[PDB]
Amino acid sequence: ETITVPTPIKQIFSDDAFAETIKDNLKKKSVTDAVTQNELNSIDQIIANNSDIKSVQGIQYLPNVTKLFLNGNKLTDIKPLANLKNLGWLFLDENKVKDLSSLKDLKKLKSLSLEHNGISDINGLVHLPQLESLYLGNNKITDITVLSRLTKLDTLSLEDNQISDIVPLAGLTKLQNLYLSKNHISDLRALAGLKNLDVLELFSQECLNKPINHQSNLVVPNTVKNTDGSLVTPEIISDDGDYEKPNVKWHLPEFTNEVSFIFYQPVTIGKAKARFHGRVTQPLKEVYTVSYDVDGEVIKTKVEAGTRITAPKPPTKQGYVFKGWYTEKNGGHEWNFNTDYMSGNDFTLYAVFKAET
């Protein structure tokens, strides 16, 4: 990964924009000018934000780079960085870098910024336990399991992601600055022990429950918990609902596809003050009852309106053959389970049988 003769910058740095970056760094007149390994060895820092760079191919010839500012470019592959053993500060905001495995051998990396990169999988960060600052805001992260190994972090931004489980943070007692706004957090117990926090942000938590059936009298557990595990009393409840601790209750005489409640809780951890504020959203399914009538005996099943009914195993009546399920007793329309949709009301389907042939 070295040049042994004078070589044009453009020959090493194949991305035309990155080549211009090196030319300017070395105070050269043209990307056709030849450079030497000694000149490449002299580069300690590259500042090339918002420079339309698609590839840093060639950077592997710069063994002594310690600081790399590459925010606002068009990068995807960062494999050319893999062996920059002295890299200490890496800023890659607003690119499309997802393959964090290229970082695994950067054991002197102290600060890593990867905001707005579309990242969901950060498991590659397990190989960087020495990190002190990590910026991952505005991504698509759900699973931060790996962060329990990053016991040297004092600054961690996970804001604007999709995180609900923050238990992996519970042991990171060195944290001083923790940005968690715009996630899916409903349970703050994981934060209780972070006694060194100076800055904490917990605004705008959007918590989505799995759908349940609509009912006239609905009950949903309050799942919002403070650092001590106690329930946060709702600030306001949709659809004229009420709080009967520990449950939220509604009377819903007409179907609606959602109820919700909002919560607000001032939080103090260490020296940090925060406002835990968010909404719990409960989707509701519009369900009615299909009654299967088999010669006067009934089995009931609940089905969501506007969906297809899954036909039951057909009845077996000694001496007869099952014909089908019909909308009237001894007559009507034969239900077609592949084309007829569940209606917006309870109704009965009647088993009709026919003679053995």
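We number the residues from 1 along the sequence you see.
Set 96-104 against 234-242 and average the Cα temperature factors; 96-104 ends up higher. For the pair 259-267 and 196-204, the record assigns the higher mean C-alpha temperature factor to 196-204.
Note on the listed residues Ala34, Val56, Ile309, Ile299: the highest Cα temperature factor in the record is that of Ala34.
For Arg189, the recorded CA temperature factor ranks within the middle third of the chain's modelled residues. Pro221: CA B factor in the lowest third of modelled residues in this chain (values from the PDB entry). In the deposited entry, the Cα temperature factor of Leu62 places it in the highest third of its chain's modelled residues.
The PDB entry assigns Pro253 a C-alpha temperature factor belonging to the highest third of its chain's modelled residues. In this PDB entry, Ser343 carries a Cα temperature factor that places it within the middle third of its chain's modelled residues.
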